[PDB]
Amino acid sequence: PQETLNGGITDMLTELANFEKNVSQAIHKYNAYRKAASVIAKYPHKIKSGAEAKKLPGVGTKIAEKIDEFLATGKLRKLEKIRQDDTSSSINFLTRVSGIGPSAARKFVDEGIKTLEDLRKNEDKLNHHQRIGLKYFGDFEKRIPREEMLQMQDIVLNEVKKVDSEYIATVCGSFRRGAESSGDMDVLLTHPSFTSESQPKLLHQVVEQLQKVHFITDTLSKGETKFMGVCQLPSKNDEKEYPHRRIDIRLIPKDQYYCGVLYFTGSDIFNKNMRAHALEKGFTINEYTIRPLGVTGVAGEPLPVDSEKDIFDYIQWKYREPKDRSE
């Protein structure tokens, strides 16, 4: 349904969500509001009362009260207040910088550091990650059109194969589900030489080649199994350069790869269903493996998986294209 339906309500709930997350440091309330916003965003009717909204899963007494006030006044007093609150709005704003969470934002604001300008003037008080987040503040809030993700995928697959043609790399996330745009790029990597019972350089070799051809421009974090960094598509001579993008690369054991590709492709809603169904058949499915559940509730050794389909068959389910995994 068009945002026009209950957009006022959902915007309100999302704003409250952010304040709970960034200022109150109540991650669970953050998610409660977001869940409420999502369920309302899907409601194909213009809500007339809080009571109506409450019938939806995730909407309780408090949000129904808030909705009644918003419908009758066109606003929410508590929200109007926190908005004008210079400390709260500043803290909320700073967390938009990658690397700056609620704690760092609160500390910065406590010492007079409230704007990007203030951050820019206090480089010594920012860790490596935060400096990068500051440097690419604008770029990181820009979405990535599918066309660019394809070009990005082109480079990643080419270079990975160039390093070692036995590597297997899959770009997951909504992008794999066919989405029109993405917020970042998530690459899952594996190699036949690496298994749950297996070289501390498989990931490094890949990251290194990507840096060599200048695709990866910065590193936020990097260990033996996970890389989180920055990348940028090459620009055509005399053309506006593409913005820098966030990219994560995970190295996963071969025997857990597909369970990983399944999990990281989502959606989160679909994961919950497939897992809810997995239990019925008596199978435990996590991001790493799928195991059998004994009558006493004891999970046995992980089941061999060599494809995403194997998982579906284990729990008797027709393989559903990532494109149809909306839920």
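The term rigid core refers to the most C-alpha atoms you can superpose between the two forms while keeping them within 1.5 Å. One-based numbering along the sequence shown.
Root-mean-square C-alpha deviation from the shown form, taken over all structures in 7 other deposited structures of this protein superposed by the rigid core, is larger for 79-87 than for the alternative among 142-150 and 79-87. Take 250-258 and 152-160, fit the other structures onto the shown form by the rigid core, and average the C-alpha distances in 7 other deposited structures of this protein: the farther stretch is 250-258.
Per the compared records, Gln199 is unresolved in at least a third of the other entries whose models span it. The gap between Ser198 and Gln199 holds 1 to 3 unmodelled residues of the deposited sequence. Mean CA B-factor, 126-134 versus 157-165: the higher value falls on 157-165. For the two regions 32-40 and 280-288, the entry's Cα B-factors average higher over 280-288.
When the C-alpha B-factors of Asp110, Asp238, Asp184, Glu148 are ranked from the entry, the top spot goes to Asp238. Across the residues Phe270, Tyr258, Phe70, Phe264, the deposited record lists the maximum Cα B factor for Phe270. Among the modelled residues of the chain, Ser221 sits in the lowest third by CA temperature factor in this PDB entry. The entry lists a Cα temperature factor for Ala26 that places it in the lowest third of the chain's modelled residues. Split the chain's modelled residues into thirds by C-alpha temperature factor. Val59 is in the lowest one. Remark: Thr95 belongs to the lowest third of its chain, ranked by C-alpha B-factor as recorded.
Remark: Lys66 belongs to the lowest third of its chain, ranked by C-alpha B-factor as recorded.
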